[PDB]
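Have a look at the structure below, then the notes.
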Amino acid sequence: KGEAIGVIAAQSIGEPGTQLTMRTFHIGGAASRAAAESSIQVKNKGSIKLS
Amino acid sequence: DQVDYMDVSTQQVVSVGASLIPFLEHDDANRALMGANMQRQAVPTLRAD
């Protein structure tokens, strides 16, 4: 009892954004892109369900 | 036969501080900039080398 959880949560959310923004020059300006897949490929035996 | 002109030197693209760096083409551009910036903050010492 008496723990200021709101400040903790606000800091926890805020920190990674600033950190990763300031850590962007390590890769050297390279592009982050994955080729868009054009198919579905199941990996295991079982039934298929559509929703 | 299509060519009209040609460059004069391989170093006509960089500045002086960047052209004072050896093996520049093997370095990342950010590291090249950092090296060029830090190279001009070096204090002279007792005996030059």
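Please note that chains go A, B, ... in the order of the structure tokens, that every chain numbers its residues from 1, and that ligands are numbered from 1 in the order shown.
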Quick one: which chain A residues come within 12 Å of chain B, and what is the nearest atom pair for each with the distance in Å to one decimal, counting only C-alpha atoms, rows ordered by chain and ascending number, as JSON lines?
```
{"residue": "A:24", "atom": "CA", "partner": "B:30", "partner_atom": "CA", "distance": 11.5}
{"residue": "A:25", "atom": "CA", "partner": "B:30", "partner_atom": "CA", "distance": 7.7}
{"residue": "A:26", "atom": "CA", "partner": "B:30", "partner_atom": "CA", "distance": 8.9}
{"residue": "A:27", "atom": "CA", "partner": "B:28", "partner_atom": "CA", "distance": 9.6}
{"residue": "A:28", "atom": "CA", "partner": "B:30", "partner_atom": "CA", "distance": 6.8}
{"residue": "A:29", "atom": "CA", "partner": "B:30", "partner_atom": "CA", "distance": 9.0}
{"residue": "A:30", "atom": "CA", "partner": "B:28", "partner_atom": "CA", "distance": 11.2}
```
Mind checking which residues fall within 12 Å of residue 37 (chain B), counting only C-alpha atoms, ignoring those fewer than 5 positions away in the same chain, and posting them as a PDB file with N, CA, C and O atoms, in the first residue's frame?
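The new file part10.pdb reads:
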```
ATOM      1  N   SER B  15      35.095  16.437 -48.371  1.00  0.00           N
ATOM      2  CA  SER B  15      35.765  17.655 -47.933  1.00  0.00           C
ATOM      3  C   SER B  15      37.193  17.325 -47.505  1.00  0.00           C
ATOM      4  O   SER B  15      37.680  16.208 -47.695  1.00  0.00           O
ATOM      5  N   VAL B  16      37.887  18.304 -46.924  1.00  0.00           N
ATOM      6  CA  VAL B  16      39.280  18.102 -46.528  1.00  0.00           C
ATOM      7  C   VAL B  16      39.371  17.173 -45.323  1.00  0.00           C
ATOM      8  O   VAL B  16      40.139  16.201 -45.321  1.00  0.00           O
ATOM      9  N   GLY B  17      38.589  17.459 -44.279  1.00  0.00           N
ATOM     10  CA  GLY B  17      38.640  16.640 -43.079  1.00  0.00           C
ATOM     11  C   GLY B  17      38.249  15.199 -43.337  1.00  0.00           C
ATOM     12  O   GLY B  17      38.809  14.278 -42.740  1.00  0.00           O
ATOM     13  N   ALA B  18      37.279  14.986 -44.226  1.00  0.00           N
ATOM     14  CA  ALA B  18      36.905  13.630 -44.603  1.00  0.00           C
ATOM     15  C   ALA B  18      37.938  12.988 -45.517  1.00  0.00           C
ATOM     16  O   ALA B  18      38.104  11.766 -45.490  1.00  0.00           O
ATOM     17  N   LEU B  20      41.112  13.406 -45.220  1.00  0.00           N
ATOM     18  CA  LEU B  20      42.295  13.100 -44.427  1.00  0.00           C
ATOM     19  C   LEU B  20      42.204  11.756 -43.718  1.00  0.00           C
ATOM     20  O   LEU B  20      43.130  11.394 -42.987  1.00  0.00           O
ATOM     21  N   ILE B  21      41.115  11.018 -43.911  1.00  0.00           N
ATOM     22  CA  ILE B  21      40.895   9.746 -43.232  1.00  0.00           C
ATOM     23  C   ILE B  21      41.388   8.625 -44.143  1.00  0.00           C
ATOM     24  O   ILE B  21      40.933   8.539 -45.295  1.00  0.00           O
ATOM     25  N   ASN B  30      28.331   7.182 -40.775  1.00  0.00           N
ATOM     26  CA  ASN B  30      28.245   7.829 -39.470  1.00  0.00           C
ATOM     27  C   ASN B  30      29.599   7.851 -38.778  1.00  0.00           C
ATOM     28  O   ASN B  30      29.986   8.864 -38.186  1.00  0.00           O
ATOM     29  N   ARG B  31      30.330   6.737 -38.834  1.00  0.00           N
ATOM     30  CA  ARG B  31      31.665   6.700 -38.252  1.00  0.00           C
ATOM     31  C   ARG B  31      32.621   7.632 -38.981  1.00  0.00           C
ATOM     32  O   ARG B  31      33.491   8.236 -38.349  1.00  0.00           O
ATOM     33  N   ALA B  32      32.475   7.764 -40.302  1.00  0.00           N
ATOM     34  CA  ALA B  32      33.285   8.730 -41.034  1.00  0.00           C
ATOM     35  C   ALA B  32      33.022  10.147 -40.547  1.00  0.00           C
ATOM     36  O   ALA B  32      33.960  10.920 -40.322  1.00  0.00           O
ATOM     37  N   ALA B  42      41.725  17.971 -31.720  1.00  0.00           N
ATOM     38  CA  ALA B  42      42.922  17.397 -31.122  1.00  0.00           C
ATOM     39  C   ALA B  42      43.921  18.504 -30.811  1.00  0.00           C
ATOM     40  O   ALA B  42      44.318  19.258 -31.706  1.00  0.00           O
TER      41      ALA B  42
END
```
**OP:** Mind listing the alpha helix (DSSP H) residues of chain B, per DSSP on the backbone, as a PyMOL selection string?
**Re:** chain B and resi 16-19+29-39
Kindly export the residues of the current selection with N, CA, C and O atoms, as a PDB file, in the first residue's frame.
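As written to disk, out.pdb reads:
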```
ATOM      1  N   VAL B  16      37.887  18.304 -46.924  1.00  0.00           N
ATOM      2  CA  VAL B  16      39.280  18.102 -46.528  1.00  0.00           C
ATOM      3  C   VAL B  16      39.371  17.173 -45.323  1.00  0.00           C
ATOM      4  O   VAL B  16      40.139  16.201 -45.321  1.00  0.00           O
ATOM      5  N   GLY B  17      38.589  17.459 -44.279  1.00  0.00           N
ATOM      6  CA  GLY B  17      38.640  16.640 -43.079  1.00  0.00           C
ATOM      7  C   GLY B  17      38.249  15.199 -43.337  1.00  0.00           C
ATOM      8  O   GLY B  17      38.809  14.278 -42.740  1.00  0.00           O
ATOM      9  N   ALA B  18      37.279  14.986 -44.226  1.00  0.00           N
ATOM     10  CA  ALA B  18      36.905  13.630 -44.603  1.00  0.00           C
ATOM     11  C   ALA B  18      37.938  12.988 -45.517  1.00  0.00           C
ATOM     12  O   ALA B  18      38.104  11.766 -45.490  1.00  0.00           O
ATOM     13  N   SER B  19      38.646  13.784 -46.317  1.00  0.00           N
ATOM     14  CA  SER B  19      39.679  13.255 -47.199  1.00  0.00           C
ATOM     15  C   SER B  19      41.001  13.021 -46.486  1.00  0.00           C
ATOM     16  O   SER B  19      41.931  12.497 -47.104  1.00  0.00           O
ATOM     17  N   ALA B  29      29.267   5.482 -42.815  1.00  0.00           N
ATOM     18  CA  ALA B  29      29.210   6.925 -43.041  1.00  0.00           C
ATOM     19  C   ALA B  29      29.113   7.694 -41.729  1.00  0.00           C
ATOM     20  O   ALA B  29      29.732   8.753 -41.575  1.00  0.00           O
ATOM     21  N   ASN B  30      28.331   7.182 -40.775  1.00  0.00           N
ATOM     22  CA  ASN B  30      28.245   7.829 -39.470  1.00  0.00           C
ATOM     23  C   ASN B  30      29.599   7.851 -38.778  1.00  0.00           C
ATOM     24  O   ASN B  30      29.986   8.864 -38.186  1.00  0.00           O
ATOM     25  N   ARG B  31      30.330   6.737 -38.834  1.00  0.00           N
ATOM     26  CA  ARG B  31      31.665   6.700 -38.252  1.00  0.00           C
ATOM     27  C   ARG B  31      32.621   7.632 -38.981  1.00  0.00           C
ATOM     28  O   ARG B  31      33.491   8.236 -38.349  1.00  0.00           O
ATOM     29  N   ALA B  32      32.475   7.764 -40.302  1.00  0.00           N
ATOM     30  CA  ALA B  32      33.285   8.730 -41.034  1.00  0.00           C
ATOM     31  C   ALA B  32      33.022  10.147 -40.547  1.00  0.00           C
ATOM     32  O   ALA B  32      33.960  10.920 -40.322  1.00  0.00           O
ATOM     33  N   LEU B  33      31.748  10.501 -40.366  1.00  0.00           N
ATOM     34  CA  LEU B  33      31.409  11.830 -39.868  1.00  0.00           C
ATOM     35  C   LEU B  33      31.952  12.049 -38.462  1.00  0.00           C
ATOM     36  O   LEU B  33      32.486  13.120 -38.149  1.00  0.00           O
ATOM     37  N   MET B  34      31.809  11.045 -37.594  1.00  0.00           N
ATOM     38  CA  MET B  34      32.304  11.171 -36.228  1.00  0.00           C
ATOM     39  C   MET B  34      33.816  11.342 -36.204  1.00  0.00           C
ATOM     40  O   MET B  34      34.344  12.174 -35.457  1.00  0.00           O
ATOM     41  N   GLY B  35      34.530  10.566 -37.020  1.00  0.00           N
ATOM     42  CA  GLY B  35      35.972  10.711 -37.089  1.00  0.00           C
ATOM     43  C   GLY B  35      36.393  12.069 -37.615  1.00  0.00           C
ATOM     44  O   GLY B  35      37.324  12.682 -37.092  1.00  0.00           O
ATOM     45  N   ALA B  36      35.708  12.559 -38.650  1.00  0.00           N
ATOM     46  CA  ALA B  36      36.032  13.875 -39.190  1.00  0.00           C
ATOM     47  C   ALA B  36      35.792  14.969 -38.160  1.00  0.00           C
ATOM     48  O   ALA B  36      36.575  15.920 -38.058  1.00  0.00           O
ATOM     49  N   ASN B  37      34.707  14.859 -37.389  1.00  0.00           N
ATOM     50  CA  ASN B  37      34.429  15.862 -36.366  1.00  0.00           C
ATOM     51  C   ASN B  37      35.448  15.808 -35.233  1.00  0.00           C
ATOM     52  O   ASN B  37      35.897  16.852 -34.749  1.00  0.00           O
ATOM     53  N   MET B  38      35.812  14.606 -34.784  1.00  0.00           N
ATOM     54  CA  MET B  38      36.745  14.495 -33.668  1.00  0.00           C
ATOM     55  C   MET B  38      38.176  14.812 -34.072  1.00  0.00           C
ATOM     56  O   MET B  38      38.984  15.190 -33.218  1.00  0.00           O
ATOM     57  N   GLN B  39      38.512  14.669 -35.354  1.00  0.00           N
ATOM     58  CA  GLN B  39      39.882  14.900 -35.788  1.00  0.00           C
ATOM     59  C   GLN B  39      40.295  16.357 -35.655  1.00  0.00           C
ATOM     60  O   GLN B  39      41.494  16.642 -35.588  1.00  0.00           O
TER      61      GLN B  39
END
```
